[PDB]
Structure formats: structure tokens, C-alpha cells
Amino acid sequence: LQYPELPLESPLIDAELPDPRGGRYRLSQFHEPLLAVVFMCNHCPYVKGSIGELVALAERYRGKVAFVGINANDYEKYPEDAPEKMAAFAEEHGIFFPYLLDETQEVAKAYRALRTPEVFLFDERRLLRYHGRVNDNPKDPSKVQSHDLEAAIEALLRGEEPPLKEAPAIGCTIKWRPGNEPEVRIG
């Protein structure tokens, strides 16, 4: 067994990373009741088609759910995902929350993340309650039939358990640096 996904109820894995727009942020510094950590990037059409919703959710849940975006992509191979581009992407889509660069890709590895966008939602005790897709059709809002992340957040706000059926991330694979490709083994 190699690179298994982070199981539910697992504690938040802390990280301190820089935002290309300025400053550094620690995942544990956010004290809102809920915390949504989203591995993303700029180039991926799945992120492009769902970022509007992600930002809208962050806006609606200000003070209730803290959002943090993390780009761990190899920007030498994917120039559109470069730090300068991240700042421009944040401005273009109104990403008011922190959008962090994971240069070494170690945070993505620690979370055993595989795609963009991939969300990890934590509760008040900072234990993993929902892991997976933003919705069932990230690349095309017009074709979405399920808003998985919104449903999970609303469930948690009501003290309910999010949907039992796992809804894994839907999106482009994270762009690993040469030699950083996770050797996933089911057993």
C-alpha cells in the first residue's frame, strides 16, 4: 500500500507557505469553525470552471468557513501556473482568500493529493470531514447536477454528517516535478 488518501477524521496537516501577492500563511492560523483547503492551479479547466463557485462559497461563508488555495504545480513545465500568474489569476477571479505556492510539492504529498481542484474540509476540531470534488462537473457549471462541497459545508453547519457516499476529486492531475510522481499502490 502506497500513497493512500487521507482518511476521514484525520487531523489537519499544518503548513506554512507564501502567497505570491505578498506575505506567508500558516494553515493552523485560520480559526473559523470550518476550514477548506483546496489544491488547485491556474491552467486546469476544472479549476477555471469552478473557481467562480469556490470564490462565491468563500464570500457567502466569510467568518464561518476559511478557504485556502494551494498551487503545487511544476510551473517550469506549466508556465501558466507560475507565481506571477497566480497573482493575476487571483485578481481575475476575485480570490480574496490566501492562494499559496507549494514550491517543493511536500504539502501536496503530505495530503496525498492527486488532482486540481481537490478539497479537504475540516471541522472545529480540525478533523477531516469531507474530501473530494468541488462539484460533479467542475469544468462546466452549466452541466453541474451536484454541488458536493456546498452540501458538505451546509451539513456541517447544521451539525449533520455530510453524504456517506464518497465523491472523489474531479480534475486535472497535479503536475509533479521530475521524480516527485507519487507511486500509488492499492495494496
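Sequential numbering from 1, following the sequence displayed.
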Higher-B stretch (mean Cα B-factor, as the entry records it), 159-167 or 172-180:
159-167
According to the deposited model, is the average Cα temperature factor higher in 112-120 or in 79-87?
79-87
For the listed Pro45, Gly63, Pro141, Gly132, which has the peak Cα B-factor recorded in the PDB entry?
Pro141
Tell me, lowest, middle or highest third: where does the Cα B factor of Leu128 rank within its chain?
middle
Please place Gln29 in the lowest, middle or highest third of its chain by C-alpha B factor as given in the entry.
highest
